[PDB]
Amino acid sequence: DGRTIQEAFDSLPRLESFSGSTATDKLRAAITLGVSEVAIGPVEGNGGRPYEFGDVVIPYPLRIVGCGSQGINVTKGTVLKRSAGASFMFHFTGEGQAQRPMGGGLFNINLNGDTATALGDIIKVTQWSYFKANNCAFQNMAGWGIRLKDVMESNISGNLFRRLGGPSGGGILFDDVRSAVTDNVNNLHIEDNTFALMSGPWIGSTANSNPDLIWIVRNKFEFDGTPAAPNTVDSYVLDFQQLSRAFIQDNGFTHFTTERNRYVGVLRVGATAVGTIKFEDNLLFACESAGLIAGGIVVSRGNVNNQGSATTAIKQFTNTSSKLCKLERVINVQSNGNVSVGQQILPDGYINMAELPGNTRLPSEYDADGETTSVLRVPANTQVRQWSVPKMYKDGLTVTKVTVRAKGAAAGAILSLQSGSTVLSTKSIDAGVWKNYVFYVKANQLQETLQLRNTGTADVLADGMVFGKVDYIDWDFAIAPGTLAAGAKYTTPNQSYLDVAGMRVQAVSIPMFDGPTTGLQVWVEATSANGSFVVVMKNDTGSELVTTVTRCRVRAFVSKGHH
């Protein structure tokens, strides 16, 4: 002893070597002793061969430290191979534990499956928190690299994932929740990683996985080739049947195509997905499709695909989500720098109705002819949406206009534009077609908020709207000029600015009519300084003129007050 102070036999560097019979049977000698960190040394101390573990169960936050690195090659560093017919290599599980396991993981380790085809899992983590897998590899099997169930607060960064998955595998799997829907995968970082040459979902989640607050950022995903096990189904690199808050950002994705192992899209989001998925500022190369969004709130912006050697421009998300999606185009630039798919050219001032606030839950649905393909279904006697009027417009001197693109599901839908419960105007909605419905708000009618409501008896599908100030209002009114003797004239009823615009009328257009006014000399007389007017119609023919018109119309122009 007397090692200048302590004793010798200082197995503080608890390497695998101190334990028992064989590597895997040393197993719980490691674990039974409840040692905190175990060194695993390089492939030199096992004679060029990897240490071979199988079905090792870790019930406590055990650091397995290595002296390898992220990388495919197996000839330098710590290397670990799954055993002949074992289901997993390590199962870090707090199932049955009084206190939940918190910490531990895999540091500096090249982890392989026993064979390039062994279905199963490499590393399972169940009911655990603050697992880290750093500077590692996960490779060489046809099951899942890392399988996660009820794991929180965790980190998987700077690793390689390769030759993983197939028919019933993939990379990192968010499995079903363990018990309650809150026993999910949440607060997990997947960063700085490299994914390559894999089958199944590269990252995925099950139909009951309920994941939340997932970072998938600054990774590199690239096809690379087909592994031992090709895909049996149309596949997506990121396949999340459920997903809540998620950042999927600043990643590369390269060569994901149908012909290349059936990667028909980059991201797929299941119908039952909820929370906000940000798919933003990814740089793609020669990818076939952004993917399929069947559910959730998904925001996609800033993504750019260089088409490279691909035969076609990237296809945009197919969206059938029942929820607001804001899917800005994935820009397609050809390898020569030419844009062949640009930003979506929207109608000026277009707002998809799902982007507006409202007091009723209104599921979105797919319509091929909707501006964004996504439209609200609004049943009878139900608010569409209600929004705040800009403070610059509430000056008593601004006419505004709402144009809404709508389709009746059947006969009898009516849209009303309202200020609160006051009905401003109504439009009957034509069944079965998209049409633009125009509603003007006189300057004296505009208040704090506006709403559209279905006041009819059938469902209306609401696409989007344009709302804003206008500098004129159209006006049509009854006339009855009758039969005029030679030289006789008729003067229309007064058209008060109050009725026309709700505010001073600056001027009007020439008047037009619901029929020919042959032989009528027409002019306008102001009846007040505020732009009220009559139209005068004088028989200029020299003999009796039987007029036919019964309506007159103008465009009335509006500016401010009297100065």
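Each residue number is its position in the shown sequence, starting from 1.
Quick one: higher average CA temperature factor, 2-10 or 554-562? Stretch with the higher mean C-alpha B-factor: 2-10.
Comparing average C-alpha B factors as deposited, tell me which of 34-42 and 524-532 sits higher. The stretch with the larger mean CA B-factor is 34-42.
Kindly indicate the residue among 417, 102, 267, 330 with the greatest C-alpha B-factor in the PDB record. Largest recorded C-alpha B-factor: 102.
From the list 361, 82, 394, 326, select the residue with the highest C-alpha B factor recorded in the entry. Largest recorded C-alpha B-factor: 82.
Pull the Cα B-factor of residue 308 out of the PDB entry and bin it into the chain's lowest, middle or highest third. It falls in the middle third of the chain.
Cα B factor band for residue 187 (lowest, middle or highest third within the chain): Residue 187: CA B-factor falls in the middle third of its chain.
Can you tell me whether residue 202 has a C-alpha B-factor in the lowest, middle or highest third compared with the other modelled residues of the same chain? Middle third, going by the recorded CA B-factors of the chain.
Chain-relative CA temperature factor third for residue 322: As the PDB entry reports it, the C-alpha B-factor of residue 322 lands in the middle third of its chain.
Based on the entry's values, in what third of the chain does the Cα temperature factor of residue 116 lie: lowest, middle or highest? For residue 116, whose C-alpha B-factor we compare with every modelled residue in the chain, the answer is the highest third.
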